[PDB]
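how would this look folded up:
(one chain, ligands or ions: 3)
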Amino acid sequence: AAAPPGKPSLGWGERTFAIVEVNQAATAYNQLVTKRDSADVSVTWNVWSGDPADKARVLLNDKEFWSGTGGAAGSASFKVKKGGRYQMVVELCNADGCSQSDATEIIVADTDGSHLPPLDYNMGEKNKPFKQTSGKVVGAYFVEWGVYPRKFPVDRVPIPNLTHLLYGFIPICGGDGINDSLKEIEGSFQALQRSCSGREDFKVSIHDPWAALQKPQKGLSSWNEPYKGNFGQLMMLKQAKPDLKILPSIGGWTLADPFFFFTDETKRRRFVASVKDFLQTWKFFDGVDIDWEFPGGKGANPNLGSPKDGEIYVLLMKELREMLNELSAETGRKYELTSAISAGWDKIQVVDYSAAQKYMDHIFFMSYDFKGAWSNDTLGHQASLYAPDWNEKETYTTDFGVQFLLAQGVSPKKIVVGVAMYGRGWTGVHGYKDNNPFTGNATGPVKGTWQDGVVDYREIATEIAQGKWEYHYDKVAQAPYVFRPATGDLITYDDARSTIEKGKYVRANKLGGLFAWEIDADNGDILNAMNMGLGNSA
Ligand SMILES: N[C@@H]1[C@@H](O)[C@H](O[C@@H]2O[C@H](CO)[C@@H](O[C@@H]3O[C@H](CO)[C@@H](O[C@@H]4O[C@H](CO)[C@@H](O[C@@H]5O[C@H](CO)[C@@H](O[C@@H]6O[C@H](CO)[C@@H](O[C@@H]7O[C@H](CO)[C@@H](O)[C@H](O)[C@H]7N)[C@H](O)[C@H]6N)[C@H](O)[C@H]5N)[C@H](O)[C@H]4N)[C@H](O)[C@H]3N)[C@H](O)[C@H]2N)[C@@H](CO)O[C@H]1O
Ligand SMILES: *[C@@H]1O[C@H](CO)[C@@H](O[C@@H]2O[C@H](CO)[C@@H](O)[C@H](O)[C@H]2NC(C)=O)[C@H](O)[C@H]1NC(C)=O
Ligand SMILES: *[C@@H]1O[C@H](CO)[C@@H](O)[C@H](O)[C@H]1NC(C)=O
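Numbers count the residues shown, from 1 in each chain. Ligands and ions are numbered 1, 2, ... in the order given. Please see the structure below:
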């Protein structure tokens, strides 16, 4: 006896939608992104000779999203708040029974990666897979510019082997006076201004929208993937490892300048609000990393810095945490507040980290760049654990900084020790005593991989193997270095031996773990060492 309505046939229209719209052709951030709180779906259907007064429903994965009459040649529009891949069906009803259209798939995109398959990886180069068993922090920085000459997109990141991924860097909008430090690097200040065009200063932006959201990378080349570039892959990343913490790092050396204006409480509040907006917009992020270099000055800008920064650093941490607290209220998620701080005691002394730590999850202790080509007559270890035998009252070492930091009353668990995946070096090192090249003087920077005076560990590791270097290991300082007595070339770096030693130090002293700058300069050796040295499972 049953005679349901005719089978609805879905008309043609849009099949992909986005809760957060991204303009694939925008240079400015304000034109690049619009966050909506829901997407907006439309479906057309048609039944030749039907009863328009029948009942109609639109079902996304067998759940109701709309309800009306439709009947014969109908139409519906409704709002979807959570992204994913949905099977869409139109259902017709009369007094006998119901009819279901054939399913059509739709993509509702959103920035927590819901619409995306998991970013998958293969261990590359010397990486060996580990399990994060130790409960220790194992972090690494990923630079935005890595996708250009460096050829290191997100998919080359060995994500079984990390607990934290720091994205460097996120800028703060500012022109002349605000962000002058960017001018030492050609194109970059200008690149920022184009990005922040029409944007209030002291809000956060994206330094390179192309790299971040528009560049095609593996898995996202199709002409309408809502999100491509770096952010796109990072979304797929949280989908392979939902527990891997991905933090946006704000500042760094050449972007830290706006922080010195946060003495102005009005500007600070705008900033914190913009970070809140940033996280609601880019949901794959898990909180905030602050990289102000440095509170009190002595960073890129020789004209910026005040003792009054130590107190600002703590109020920024208080207000940021409070923002994340109400961000958690609305989203039910947990967020991390972290920060990268100097390992020099004279910069540490500026801030009361015992005062700030109650707001923070972790402190990434920049225990590298202790020495470099910025000096011809202060040669030494760039990232050593202890002072060298030929200079016992050396204050710029991992150990000294950590002890100094703890002495403020910081809880050892929050301190995450830094490891260098790069070398700093010199050339023309002459006039040294006792076959120790550090007692002499250089005539300039070593020849660098990308930049002068800096060398990727992969480059160093490979050339040591071609016999192009004299390898030595300071067993007292716990740091390696290569030397070339001919040309007078000298390079300080971290290798797997010093890195395992930092691991043993972290564990002996009940520290938080290790992190590395920067992930692309490693061949796998060092991250293997970090994991093997913190007690993780192979
Ligand atoms: N005693 C002090 C010394 O301490 C001091 O030395 C300083 O010590 C600190 C210690 O903390 C060092 O800082 C640490 O290490 C890293 C760097 O080593 C720090 O990172 C900083 O952050 C900023 C973020 O903006 C970095 O900016 C980026 O720098 C790169 C250059 O490598 C730029 O490259 C340019 O990229 C653009 C595009 O993005 C390129 O243009 C593109 O070209 C491609 C080609 O294919 C094309 O397709 C594209 O269309 C086009 N867009 C352009 O050609 C590149 N030049 C990035 O753009 C730029 N964002 C910055 O590098 C880095 N400094 C980190 O904070 C910290 N962990 C200090 O670095 C060190 N200076 C010394 C100072 O010498 O003084 C003593 O007194
Ligand atoms: C390291 O030493 C080199 C060479 O002594 C310095 O470079 C020279 O700087 C002077 C300054 O006018 C120039 O006349 C020379 O041409 C430069 N180099 C050479 C090879 O002649 C360099 O400035 C020193 N670096 C630091 C950080 O002190
Ligand atoms: C290295 O440079 C310092 C700078 O003052 C100088 O005093 C010293 O004599 C130099 N050493 C050699 C071996 O040239």
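
Now for the residue nearest to residue 254 when sequence neighbours are not counted: which residues touch it?
Leaving out its chain neighbours, the residue that sits closest to residue 254 by Cβ to Cβ, 6 or more residues apart in numbering is residue 181, at 4.7 Å. Every residue, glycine included, has its C-beta placed from N, CA and C. For residue 181, the contact set (Cβ atoms under 8 Å, 6 or more residues apart in numbering) comprises 253, 254, 255, 256, 257, 299, 300, 301.

Verify the contact between the last one and residue 255 for me.
No: contact between residue 301 and residue 255 fails when scored by Cβ atoms under 8 Å: they sit 11.1 Å apart.

who's more crowded, the two?
Using other Cβ atoms under 10 Å as the criterion, residue 301 and residue 255 rank with residue 255 on top: 26 against 17.

Now that one. Nearest residue, chain neighbours left out?
residue 171 (4.9 Å).

what do you get for residue 527?
Closest to residue 527 by Cβ to Cβ, 6+ apart is residue 161, at 5.3 Å.

For the helix or strand hosting residue 88, give me every contacting residue.
Residue 88 is part of strand 84-93, with elements assigned from DSSP states H and E. With Cβ under 8 Å, 6+ apart as the test, strand 84-93 has contacts from 4-6, 8, 10, 41, 43, 45, 47, 50, 54-62, 70-71, 74, 76, 80, 98-108, 114-115.

In contact with residue 235, which residues are there?
Residue 235 neighbours (Cβ under 8 Å, 6+ apart): 111, 112, 113, 116, 227, 284.

For the stretch 351-500 of the chain, which segments are assigned as helices?
353-356, 398-406, 457-465, 496-508 (DSSP state H, counting those that start in this stretch).

Quick one: closest of these to residue 391.
Nearest to residue 391, of all the helices of the stretch 351-500 of the chain, is helix 398-406, at 12.0 Å by Cβ to Cβ.

How about the closest one, which residues are buried there?
In terms of neighbour count (16 or more other Cβ atoms under 10 Å), helix 398-406 has its buried residues at 398, 399, 400, 401, 402, 404, 405, 406.

Please apply the same query to stretch 45-64.
45, 46, 47, 50, 54, 55, 56, 57, 58, 59, 60.

By proximity to ligand 1, which residue of the stretch 301-450 of the chain wins?
Residue of the stretch 301-450 of the chain nearest ligand 1, by Cβ to the nearest ligand atom: residue 369 (3.6 Å).

residues near the closest residue to that residue other than its chain neighbours, how many?
Leaving aside its chain neighbours, residue 369 sits nearest to residue 382 (6.3 Å; criterion: Cβ to Cβ, 6+ apart). Burial measure for residue 382: 22 neighbouring residues, criterion other Cβ under 10 Å.

Could you tell me how far residue 382 is located from residue 462?
Look at residue 382 and residue 462: by Cβ to Cβ, to the nearest Å, they are 19 Å apart.

likewise residue 302?
Residue 302 is 37 Å from residue 462, by Cβ to Cβ.

more crowded one of those two?
The neighbour comparison of residue 302 against residue 462 (other Cβ under 10 Å) goes to residue 462, with 12 against 8.

Show me this protein divided up by domain.
Domain ranges of the chain: 1-108, 109-420+497-538, 421-496, per curated CATH domains.

and the longest one, does that touch ligand 3?
So the one you mean is domain 109-420+497-538. Yes: counting by Cβ under 6 Å from any ligand atom, ligand 3 has neighbours in domain 109-420+497-538: residue 377.

Check the stretch 151-300 of the chain for the residue nearest ligand 1 and tell me.
residue 252 (3.1 Å).

excluding its backbone neighbours, what's nearest that residue?
residue 169 (4.3 Å).

and the residue nearest to residue 527, what does it touch?
127, 129, 130, 138, 527, 528, 530, 531.

With respect to residue 272, which of these is nearest?
For these, the nearest to residue 272 is residue 138 (28.6 Å; Cβ to Cβ).

Now the closest residue in space to the closest one that isn't next to it in sequence: phi and psi?
Nearest residue to residue 138 in three dimensions, chain neighbours excluded: residue 163, at 4.8 Å (Cβ to Cβ, 6+ apart). In terms of degrees, to the nearest 10, the main-chain angles of residue 163 are phi -110, psi -30.

Tell me where the stretch 101-250 of the chain has strands.
Taking DSSP state E, counting those that start in this stretch as the criterion, the stretch 101-250 of the chain carries its strands at 104-109, 137-143, 164-170, 245-251.

Kindly present the ones you listed as JSON lines, with separate columns for mean neighbour count.
Formatted as JSON lines, the strands of the stretch 101-250 of the chain follow (neighbours: other Cβ atoms under 10 Å):
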{"stretch": "strand 104-109", "mean neighbour count": "19"}
{"stretch": "strand 137-143", "mean neighbour count": "25"}
{"stretch": "strand 164-170", "mean neighbour count": "24"}
{"stretch": "strand 245-251", "mean neighbour count": "24"}
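
Tally up the residues packed near the residue in the stretch 301-450 of the chain that ligand 2 sits nearest to, please.
Distances between the stretch 301-450 of the chain and ligand 2 by Cβ to the nearest ligand atom are smallest at residue 376, namely 3.8 Å. Residues lying near residue 376 (other Cβ under 10 Å) number 15.

With the one 4 residues further on instead?
By other Cβ under 10 Å, 22 other residues sit near residue 380.

Can you get me a residue count around the residue lying closest to it once chain neighbours are set aside?
Closest residue in space to residue 380, ignoring its immediate chain neighbours: residue 371 at 4.1 Å, by Cβ to Cβ, 6+ apart. Residue 371: 21 surrounding residues under other Cβ under 10 Å.
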